[PDB]
Amino acid sequence: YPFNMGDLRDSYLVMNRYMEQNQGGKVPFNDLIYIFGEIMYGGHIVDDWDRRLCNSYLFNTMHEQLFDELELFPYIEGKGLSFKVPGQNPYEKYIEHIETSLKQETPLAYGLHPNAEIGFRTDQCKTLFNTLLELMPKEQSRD
Amino acid sequence: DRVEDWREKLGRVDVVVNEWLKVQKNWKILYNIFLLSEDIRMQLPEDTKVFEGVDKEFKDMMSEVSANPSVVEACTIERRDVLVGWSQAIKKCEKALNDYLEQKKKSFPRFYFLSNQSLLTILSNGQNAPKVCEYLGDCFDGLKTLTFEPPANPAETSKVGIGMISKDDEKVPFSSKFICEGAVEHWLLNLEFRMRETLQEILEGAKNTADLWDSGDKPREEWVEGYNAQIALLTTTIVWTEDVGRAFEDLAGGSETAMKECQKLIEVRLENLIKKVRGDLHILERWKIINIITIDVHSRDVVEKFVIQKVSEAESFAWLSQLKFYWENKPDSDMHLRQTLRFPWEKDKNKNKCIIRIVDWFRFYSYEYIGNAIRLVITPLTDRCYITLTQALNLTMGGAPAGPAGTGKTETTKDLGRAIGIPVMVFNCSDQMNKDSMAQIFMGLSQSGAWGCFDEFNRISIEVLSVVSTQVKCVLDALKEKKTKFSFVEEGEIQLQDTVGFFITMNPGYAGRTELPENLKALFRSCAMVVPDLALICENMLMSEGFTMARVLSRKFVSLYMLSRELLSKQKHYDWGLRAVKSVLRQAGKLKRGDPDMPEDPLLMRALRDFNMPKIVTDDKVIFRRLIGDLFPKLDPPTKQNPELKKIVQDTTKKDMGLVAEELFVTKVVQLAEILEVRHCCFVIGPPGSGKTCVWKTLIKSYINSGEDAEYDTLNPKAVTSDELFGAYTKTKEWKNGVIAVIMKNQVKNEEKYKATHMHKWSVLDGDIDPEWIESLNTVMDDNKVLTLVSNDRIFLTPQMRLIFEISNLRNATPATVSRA
Amino acid sequence: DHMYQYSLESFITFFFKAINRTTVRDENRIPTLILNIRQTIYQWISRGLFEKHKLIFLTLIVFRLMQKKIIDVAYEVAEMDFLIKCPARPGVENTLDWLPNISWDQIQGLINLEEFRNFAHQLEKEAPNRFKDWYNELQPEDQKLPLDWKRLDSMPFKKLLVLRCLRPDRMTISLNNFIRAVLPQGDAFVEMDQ
Amino acid sequence: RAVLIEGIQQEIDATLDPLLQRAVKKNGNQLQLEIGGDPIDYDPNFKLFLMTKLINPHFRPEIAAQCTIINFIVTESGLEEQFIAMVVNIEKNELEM
Amino acid sequence: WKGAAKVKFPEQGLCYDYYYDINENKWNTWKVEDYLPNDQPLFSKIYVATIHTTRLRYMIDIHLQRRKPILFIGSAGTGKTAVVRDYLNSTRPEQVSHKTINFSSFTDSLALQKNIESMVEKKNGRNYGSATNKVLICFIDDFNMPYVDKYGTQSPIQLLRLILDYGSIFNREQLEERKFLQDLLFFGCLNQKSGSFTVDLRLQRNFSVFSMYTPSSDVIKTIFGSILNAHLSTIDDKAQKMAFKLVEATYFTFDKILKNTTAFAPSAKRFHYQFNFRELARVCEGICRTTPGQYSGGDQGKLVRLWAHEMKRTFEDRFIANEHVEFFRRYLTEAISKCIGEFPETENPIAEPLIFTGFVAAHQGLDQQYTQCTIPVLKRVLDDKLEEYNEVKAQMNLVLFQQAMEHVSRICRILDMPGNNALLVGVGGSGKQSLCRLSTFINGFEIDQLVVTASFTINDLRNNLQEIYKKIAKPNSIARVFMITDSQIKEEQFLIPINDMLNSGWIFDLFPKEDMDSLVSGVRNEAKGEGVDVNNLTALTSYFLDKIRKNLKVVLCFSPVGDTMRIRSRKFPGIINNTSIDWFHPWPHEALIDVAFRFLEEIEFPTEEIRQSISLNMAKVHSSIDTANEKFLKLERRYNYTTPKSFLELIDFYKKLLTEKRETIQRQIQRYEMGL
Ligand SMILES: Nc1ncnc2c1ncn2[C@@H]1O[C@H](COP(=O)(O)OP(=O)(O)OP(=O)(O)O)[C@@H](O)[C@H]1O
Ligand SMILES: Nc1ncnc2c1ncn2[C@@H]1O[C@H](COP(=O)(O)OP(=O)(O)O)[C@@H](O)[C@H]1O
Ligand SMILES: Nc1ncnc2c1ncn2[C@@H]1O[C@H](COP(=O)(O)OP(=O)(O)O)[C@@H](O)[C@H]1O
Ligand SMILES: [Mg+2]
Ligand SMILES: [Mg+2]
Ligand SMILES: [Mg+2]
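The rules behind the values
Residues numbered from 1 in each chain as written, not as in the entry; some residues may be left out. Chains lettered and ligands numbered in written order. Part of a larger assembly, values for the part shown. Heavy atoms only, no water. Helix = DSSP H or I, 4+ residues; strand = E, 2+ residues; numbered from the N terminus. Buried < 20%, exposed > 50% of the residue type's maximum accessible area, 1.4 Å probe, protein only. Areas by Shrake-Rupley, 256 points an atom, 1.4 Å probe, with all protein chains shown as cover. Salt bridge = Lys/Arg side-chain N within 4 Å of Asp/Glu carboxyl O. Contact = heavy atoms within 4.5 Å. Buried area = accessible area lost by both parts, 1.4 Å probe. Polar contact = N/O pair within 3.5 Å; in protein donor to acceptor, adjacent residues only side chain to side chain. Nonpolar A, V, L, I, M, F, W, Y, C, P; charged D, E, K, R; others polar. Near = heavy atom within 4 Å. Axes fitted to C-alpha atoms, helices over the stretch in contact; angles between N-to-C directions. Parallel < 35°, antiparallel > 145°, perpendicular 65-115°, else oblique. Left-handed = near helix turned anticlockwise from the far one by under 90°. Pairing = 2+ DSSP bridges. 1 Å grid on protein atoms, 1.4 Å probe; cavity = no way out; pocket = protein on both sides within 12 Å on 5 of 7 lines; lining within 4 Å. Points joined across faces, edges and corners; volume = space filled by probe spheres on them.

- Looking at the PDB entry, chain D carries the name Outer arm dynein beta heavy chain, with the source organism given as Tetrahymena thermophila.
- Here the PDB entry title reads "Structure of outer-arm dyneins bound to microtubule with microtubule binding state 1(MTBS-1)".

- The name that the PDB entry assigns to chain C is Outer arm dynein beta heavy chain, with the source organism given as Tetrahymena thermophila.

1. Looking at the overall build of chain D
Link 1 in the chain: Along its length, chain D carries 3 helices and 5 strands.
Link 2 in the chain: The principal-axis extent of the C-alpha atoms belonging to chain D is close to 60 × 35 × 20 Å.
Link 3 in the chain: Here chain D holds 97 residues, and the buried ones make up 18% of them.
Link 4 in the chain: As displayed, chain D has an accessible area near 7,600 Å², and 53% of this comes from carbon and sulfur atoms.

2. Considerations on the pattern of salt bridges
Link 1 in the chain: Tallied over the entire structure, the rule returns 77 salt bridges over all chains.
Link 2 in the chain: For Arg29 of chain C, the salt bridge goes to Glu91 of chain D, with nearest N and O atoms at 2.8 Å. Placement of the pair is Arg29 of chain C in helix α2 (residues 29–48) and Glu91 of chain D in the segment after α3 (77–90), with the two residues belonging to separate chains.
Link 3 in the chain: Taken together, the salt bridges that share partners define one network made up of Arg300, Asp301, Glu304, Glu539 and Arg551 of chain B.

3. What about the interface of chain C and chain D?
Link 1 in the chain: Listed by partner, the interface residues are 11 residues for chain C and 8 residues for chain D.
Link 2 in the chain: Summing both sides of the interface, chain C and chain D together bury roughly 720 Å²; the carbon and sulfur share of this comes to 74%.
Link 3 in the chain: On the chain C side of the contact with chain D, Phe15, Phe16 and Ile19 of chain C bury the most area, a combined 46% of that side's loss.
Link 4 in the chain: At the junction of chain C and chain D, the tally comes to 3 salt bridges.
Link 5 in the chain: Inspection of the chain C/chain D interface yields 2 residue pairs in polar contact.

4. Focus: the interface of chain B and chain E
Link 1 in the chain: Facing 30 residues of chain B, the contacting portion of chain E comprises 23 residues.
Link 2 in the chain: For the pairing of chain B and chain E, the buried interface totals around 2,200 Å² over both sides, and the portion due to carbon and sulfur atoms is 51%.
Link 3 in the chain: Counting the contacts that link chain B with chain E gives 5 salt bridges.
Link 4 in the chain: One salt bridge connects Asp713 of chain B with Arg178 of chain E, and the closest N-O pair in it is separated by 3.5 Å.
Link 5 in the chain: Residues of the side of chain B that touches chain E, tallied by class, amount to 11 nonpolar, 9 polar and 10 charged.

5. Quick notes on the site of ligand 1
Link 1 in the chain: Near ligand 1 lie 14 residues; those nearest to it are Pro688, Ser690 and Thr693 of chain B together with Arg202 and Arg205 of chain E.
Link 2 in the chain: Residues close to ligand 1 are split across chains B and E.
Link 3 in the chain: Contact distances for ligand 1 include 2.7 Å between an oxygen atom and a side-chain N or O atom of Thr693 of chain B.
Link 4 in the chain: Between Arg205 of chain E and ligand 1, the recorded distance is 2.7 Å, taken from a side-chain N or O atom to an oxygen atom.
Link 5 in the chain: Looking at which element gives the most residues to the shell around ligand 1, the answer is helix α30 (residues 692–706) of chain B, with 3 residues.
Link 6 in the chain: Among the residues forming the shell around ligand 1, the class breakdown is 5 nonpolar, 4 polar and 5 charged.

6. Some words on the site of ligand 3
Residues and elements named next belong to chain E.
Link 1 in the chain: The local shell around ligand 3 holds 13 residues, among which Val399, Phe401, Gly429, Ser430 and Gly431 are the closest.
Link 2 in the chain: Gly429 places a main-chain nitrogen or oxygen 2.8 Å from an oxygen atom of ligand 3.
Link 3 in the chain: A distance of 3.3 Å separates an oxygen atom of ligand 3 from a polar backbone atom of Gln433.
Link 4 in the chain: Calculation on ligand 3 without its partners gives an accessible area of 550 Å², and the protein chains cover 79% of this total.
Link 5 in the chain: In terms of residue count, helix α14 (residues 432–442) provides more of the shell around ligand 3 than any other element does, 3 residues in total.
Link 6 in the chain: Considered class by class, the residues forming the shell around ligand 3 number 6 nonpolar, 6 polar and 1 charged.

7. Observations concerning the packing of helix α1 (residues 2–34) of chain B against helix α5 (residues 77–107) of chain B
All names here are of chain B.
Link 1 in the chain: For the pair α1 and α5, the least separation of the axes is 9 Å and the interaxial angle reads 30°. The angle between α1 and α5 falls in the class roughly parallel. The handedness of the crossing between α1 and α5 comes out as left-handed. Contact with α1, carried on its side by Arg12, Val15, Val16, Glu19, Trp20, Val23, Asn26, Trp27, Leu30 and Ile33, involves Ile77, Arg79, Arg80, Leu83, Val84, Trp86, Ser87, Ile90, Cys93, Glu94 and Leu97 of α5 and no other residues of that element.
Link 2 in the chain: Looking at side-chain class alone, the contact of α1 with α5 contains 14 nonpolar, 2 polar and 5 charged residues.

8. A word on the environment of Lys347 of chain B
Residues and elements named next belong to chain B.
Link 1 in the chain: Relative to the assigned elements, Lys347 resides in helix α17 (residues 344–348).
Link 2 in the chain: Counting along the chain gives 288 residues from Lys347 to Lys59, while the straight-line C-alpha distance between them is 59 Å.
Link 3 in the chain: Those residues within four positions of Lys347 in sequence are excluded, and the remaining contacts are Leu341 and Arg342.

9. Quick look at the pairing of strand β2 (residues 161–165) of chain B
Residues and elements named next belong to chain B.
Link 1 in the chain: Among the 5 residues in β2, 4 count as buried, and that is most of the element.
Link 2 in the chain: In the sheet, strand β1 (residues 145–146) pairs with β2 via 2 bridges, with the strands oriented antiparallel. Across the sheet, residue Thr145 finds its bridge partner in β2, namely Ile165.
Link 3 in the chain: Where β2 lies against strand β3 (residues 171–178), 4 bridges are found, and the strand directions are antiparallel. The residue of β3 that forms the bridge with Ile165 is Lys171.
Link 4 in the chain: Where β2 hands over to β3, the hairpin turn is made up of 5 residues, of which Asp169 adopts a positive phi near 70°.

10. Concerning the arrangement of the chains
Link 1 in the chain: Among the 7 pairs of chains in contact, the pair with the most contacts is chains B and E.
Link 2 in the chain: Between chain B and chain C there is no contact; the minimum C-alpha to C-alpha separation amounts to 16 Å.
Link 3 in the chain: With respect to C-alpha atoms, chain C approaches chain E no nearer than 19 Å, and the pair has no contact.

11. Some words on the sheet that holds strand β5 (residues 353–357) of chain B
Link 1 in the chain: Pairing within the open sheet is antiparallel, and its 3 strands lie in the order β4-β5-β6 (chain B). Each end of this open sheet is capped by a strand with a single partner; those strands are β4 (324–328) and β6 (363–364) of chain B.

12. Examining helix α4 (residues 155–163) of chain E
Link 1 in the chain: With 8 of its 9 residues buried, α4 of chain E lies for the most part within the structure.
Link 2 in the chain: Those residues of α4 of chain E that are buried lie in contact with α3 (109–119), β6 (135–141), β8 (184–185) and α5 (201–204) of chain E.

13. Quick word on empty space enclosed by the protein
Link 1 in the chain: For the coordinates displayed, the defined rule picks out 13 cavities of 30 Å³ or more.
Link 2 in the chain: One number sums up the size of the largest cavity: a volume of about 330 Å³.
Link 3 in the chain: Lining of the largest cavity is provided by 23 residues; of these, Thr237, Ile295, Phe325, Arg375 and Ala419 of chain B occupy positions nearest its centre.
Link 4 in the chain: If you list the elements that add at least two residues to the lining of the largest cavity, you get α12 (229–253), α14 (284–309), α18 (380–394) and α19 (409–420) of chain B.
Link 5 in the chain: The residue makeup of the lining of the largest cavity, split by class, is 13 nonpolar, 7 polar and 3 charged.
Link 6 in the chain: Of the voids in this model, the second largest cavity is the one considered here, and its volume is about 130 Å³.
Link 7 in the chain: Lining the second largest cavity are 13 residues, with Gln274, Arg278, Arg318, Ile576 and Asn577 of chain E sitting closest to its centre.

14. A few points about the packing of helix α5 (residues 114–135) of chain A against helix α10 (residues 171–182) of chain C
Link 1 in the chain: At their nearest, the axes of α5 of chain A and α10 of chain C sit 8 Å apart, and the two run at 55° to each other. Comparing their axes, α10 of chain C and α5 of chain A come out oblique. Here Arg121, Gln124, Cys125, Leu128 and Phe129 of chain A of α5 of chain A lie close against α10 of chain C, whose contacting residues are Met171, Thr172 and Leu175 of chain C.
Link 2 in the chain: Among the residues forming the contact of α5 of chain A with α10 of chain C, the class breakdown is 5 nonpolar, 2 polar and 1 charged.

15. A short note on the sheet that holds strand β3 (residues 70–73) of chain E
Residues and elements named next belong to chain E.
Link 1 in the chain: Strand order in the open sheet formed by 3 strands is β9-β3-β10, and the pairing between neighbours is parallel. Since the sheet does not close on itself, it has two edges, and those belong to β9 (187–188) and β10 (208–211), each with one partner.
Link 2 in the chain: In this sheet, β10 lies alongside β3 in parallel orientation, the contact comprising 4 bridges. Bridge pairing links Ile73 to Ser211 in β10.

Structure below.
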């Protein structure tokens, strides 16, 4: 699916327009996940299994506890990555907080298992030796 | 030096020869625009007198060269420079018109959607009003022509307009006389407003009498008869939004029944309206009532979904999401900020205005007459496709519905706009679209608050597509700033009406695709379009044909045809698609209208079985009969046998044919007669050696022995060539009458197949159906009883005339060709 | 992949550029000229290549040097063919708890190579004691097979063969490690423009 | 002077078949060969190069005898043998002049 | 079907070989009329009744007494056409009117309608039959052949299914007029394994289908036995007992070819390897040429050679691969060890230099012989006759090496056999065209080749063909040959006329029916002289067609490259089956050394030992390319090809380059010797 910065920008402009109308009243997360999930990442998704996934992410992150520090990483019970939504601080702090999240890339960030990475590395190795086979010149030039 | 002098002479000839062809062609056009247009003549008196001084010259200079015919004698550097003199002056009197046409497009901005030829014609016949009205069918969604008061002097065409006529000939009368003033672009802009005023004026009268058909003597069904299709739908949806609003206010009080009573009342009106489409009605007042069915069936499905999910609060998303239609004079009107006020009722703030709300996009109803165009079935997908597009128009960017061809991306964008009221224009982008051609579209779209759907926009040259972006950006960038007057790229200062939208209907996996530059995709909020759920379309088609329990039956129906595809022996002559559904529902509908008291389940069961059996082969008869017996468990089907025709077929087969009248044989003759009575075009297919000819020949010899002389002209279509069959022009431009086509003319009247008393004539075409051959006949194969030829001579097929195709195998046949017959 | 098309005329300029950037004056020129030409042409192509194709193109080079025997590497014609495409022969249901069926199906392909003919019966001689312990460990390309298959580690291409068959995840790192050892200034080829 | 015919992948056009025949008919002093419908005069010192941008072409044996096939294909040791002369001109430019 | 309830069959016979006689009530076996020898010069007119041919003759009479159309389906060369072409000939001319329509692939629904409209007269109203209620037979041969369009529906076939069912052909000019057809029958002759293997079951229904079985060991012995026993009763009282011995063999060999399918089967590359009656006919034709004087006496050896040869040169000729030529000669020297059973000596009657020719006797001054010459006698006569063709016609210089010597020998044989049309397949440059022109001049015949311009039309071909058919049709006519090549056929349409010429007599509708009423009239003064019946106008038209067939030979000259011959063979049945194929192999090593040496003559050489020696290396080079060309196709995919024209253009170039080079020196040396 083609996801673009315009798709994030779009969903910010709608979020802005919905947080300017509520003000002191409680935010409408349930209203705001549909427009985020089903509309801005409707356009791309037709499969209806990817659609169920696309929303589940969004249901997980977006609720009342988000404004309090909340583990953005899905079901990290006792793994220890624990990348939270920063509390009230100056703007500059937010960019530093993203550099403070561990440099190590894990699939565990996305809710997948570590052993999902092991499969990707195998698929990476497979796609090398399918491209090498295509370009392997002259078939050894006989003997 | 003899040669190079001769080369210079040919070099001189080639310039002056091309200069007449440049002038003559450009003159011929500009001449025709001035010729027979005293209207256009008096408008530009400076560039018309100049032109008359260039035509009168040209005719004299042409008759002075006629003496010296040869190019060598005719060609002079004197002649050349004079013709360059005209190219320069005819360029000025074509720039004069082009700059004048732009003035009249800018004055009345629907003209931008007319072909420049049609605009020149309307402007030429500004006095002759009824010729102008003819071309407003191109401009508008409905309003094909106007009605008129027969005038004082019969030589004069009538100015005074007493009503408007739709493209299906539904009349909407005007409150008083609408006169056609001097200028064309002036009385048209006066008309464009009056359209919306009457529509608006009638809606006040509708919503007053709409609150009255709750309690008052006049029911809902008898009330719908009085008003237009557009206004009788809007008023139905306005009193639904009211009802569900009163149901939420009650359910805040604590009354649990409120949302169940709301559900009950919606489902009774829907049932009571299905009993109206069953009883014999006028074809205009079918759709005025069936468009109300397809909205009411959705109304029900929403209030069900509220009762199941137990949503007991208004301003929950569930209710915001749904497309609502209010009828309030908001004393705290936020509408002047949300959009711009255009119309006088919108600005009045004393009289009640129709407002349309959906997920924080509230925009007044822009009353553009539609004229009983068929509303699509409202699916769970289309509900979302409204949220997407509305959110896009509120976020001041275009909306890009995208999915496989046949989904109806273009149709769902049109229907949203038609619901909102707004005029939706459609463009068939063919990769011949220049910068200028597209620039004119957007300028006219921008000025006249309209919605540009672009059917197959995906095939626009990536060159011109990179401009489209620069033009679309410039308009959208203006809408964000909310500028009334905005600068376009060329012809800067132009009016912008706030309600403009853009929609690019892109077939994502279509061949010859120009991938949109990332720039352009970032202006167009995409939508995911799936082939509409077969269940929902059948559930409509069932309610169209007088079935009260349609919902349940329609789930049984989708199940049958879906499983049938999987577990029967795949044949080419089987059609389990939606096309074959409609036919079996039509034949079930004629059997409902015959006997309404019978339960709906045994009647559908009978119809489904009765028509799918003669399609189905021996192997599949035993499994299919079981498959129906699964879906309809305990229903015992009685075989509906024609008792009179079966006797007269048995008698003919023995007496005047000689063949043995087997019980299974006459069952096939009865099964052909029933197919021919509803379907003009039949396929008596089978294995090579079987009773295919003998079955249709015995039917004829009963129609002779019961009704009147059934004539038949048996041609083998594949035997003769496709050119010789239909007929085509010789080397000399003289159109030869071909075999099928001359039979089709000879049968209408004057031959042996003529119409004196012949109750059923039919031509039998006993060759193998191939795509190239049948393609020319595809017009008649469809619902239209109309045959087109190479000479453009039409042969309108009579309703008492059939096409019987006797085919062994449908191996080369297209899946559509099978469905048609 | 489209738009990796390189002219002979453009290549010739980078081939000559490389000859004119050599500072070595006839001492060990012919050796140091070859090296400079490989790096020069390699970087020229890589800059153009996407992330995913950069590793593929570098392996083609070291396998085409191997194929033409410009650098000495312990490889057999059949062995390189097996590495580039693993035929997975089913038939032997006998497995270990730790080994996937796919890994095993590849080993029955590997046993057709005359070097690894006895490698199966070996894998059922001290199966959990040696190979499970090896297969489990993180970074097994630098670890050694303690049933005296040590010798494979001492020949970097034959060991690279085994790793694909048993533990393919690590291949893309093992190959990167192999490039560096076998190829002259390999460490400079793999790092490139970091 | 000369004509190079580009494309001409395989199946040589029927109009060339009379030209491809090296035979030229001698009409007294002036030589005239019959190409196409109408015969035209043919002057001496005329060349006709045919070139085929085609990896592994296939010609009718009849045509292969009628026109001499000449394969300019830079492959394997080909370039190698060009690059030596190239390099030896650049490196050891002394004792190449 | 020997599960047949009450009326049991007699044993020792198939159910086919028994009809139920009412007067005996037995199941008598079909009785076959023993062949009486006629004097038909065309072998195609000879018809020996077999068991199968009588029990079909009945079944055709049973489907003509009724209006039930018949279809015969059998392998390409089974003799279906002959069975029907006998019946139609034996019909009464007042009851039946017979006309053949030989389908060509290009026979469209228009072309059939013109043929049917020409046959049928105009009754009263819109009806069209024969006046006097005759039965108008329209015999379709090669029913399958019509062009199968992309979809799978043959237009002419679909027309017939409009004529059989409703009987109403829409008039292709004025497409409103129904035009009902009456009293037509259609006699099909479909062969499986050619064109559209099967036709639409929607027609085959309307027809009664009758298999025609591949040649049996008995059916061959009752036909070709009866032809020779008859034709050796003539030659000698002895050398009859050799007839059955040779006919036993010609089968035995014919069988061991069909049973070894992996060697000799009809394939895409072996499309002409079709071995059926056609070959046994023109073996039994080539033995029927033995004149009593030059064969009478002890025939133990002389016959069996004449056989071996006639066999050899209608099978070897056919074969492409030299493995297949070796396989054949093993069968042929098994056949002679069993059937002819003499194995006369250690020297086999079969040998390398076995050449039989009827022109070598003529030239000397001996009368209508077809006896064997030796190679050195054939070398004198041919060389003398090439001198005689250079002297009178346009000069053609060729070498005459043993293999080209053999080629004239076995083309002069195929022209001499009346009716039999030649088909010389070989790579362009083989000199098939040049050797034919010689072969033609050897015999007293006059070659007529059409001269194609760049802009040529079907109508201009049909005036060139119509010019030839004005020369044959005069009585005292020297039989004109018709030379065609691959280059001459610019488009595939031109072949259509040609396939109808070589299939039988003359191409249907190349004249008006007023011109053909005058051409018939010019051959009424010849028929009285022959003693054939006059003012019958059925036998006279027939007798003329036999004279046109006899005085027209059609030699077409193709190349087997890129399957352009194969697609022609597929489209036109005539080309391959109706003509006696003779394949042009690349020149042997022994030949090349001769060919080179003739051209190296009139060049100087120090000790003349060089000139022989060069001509060895000129052969070796051309033989050493063909062994590299094979290495080049096996090693890489790259295709190269060499032709005998390629070699002949080397010898030219060397001669030209050697003179130039030597003339540059002989000038240079002269300056120095002048100066010294
Ligand atoms: N009910 C019947 N009683 C007697 N004879 C019949 C009956 N039905 C068919 N026949 C006979 O069997 C044949 C049926 O073939 P028919 O005439 O129907 O052509 P068809 O098979 O439909 O055509 P096609 O082969 O082109 O598809 C005819 O000979 C007809 O007389
Ligand atoms: N009984 C026979 N007597 C003489 N010649 C026969 C006989 N049967 C078949 N032939 C010959 O066999 C050859 C091939 O058979 P033909 O009749 O052309 O039909 P088809 O193409 O169906 O084989 C012909 O030359 C024909 O004369
Ligand atoms: N035996 C031979 N000796 C010398 N030249 C020969 C011989 N056979 C053929 N040629 C030459 O080869 C040429 C082939 O051309 P052509 O006669 O048109 O035959 P083809 O049908 O093969 O094209 C002949 O014209 C002749 O000049
Ligand atoms: Mg029929
Ligand atoms: Mg035949
Ligand atoms: Mg030739």
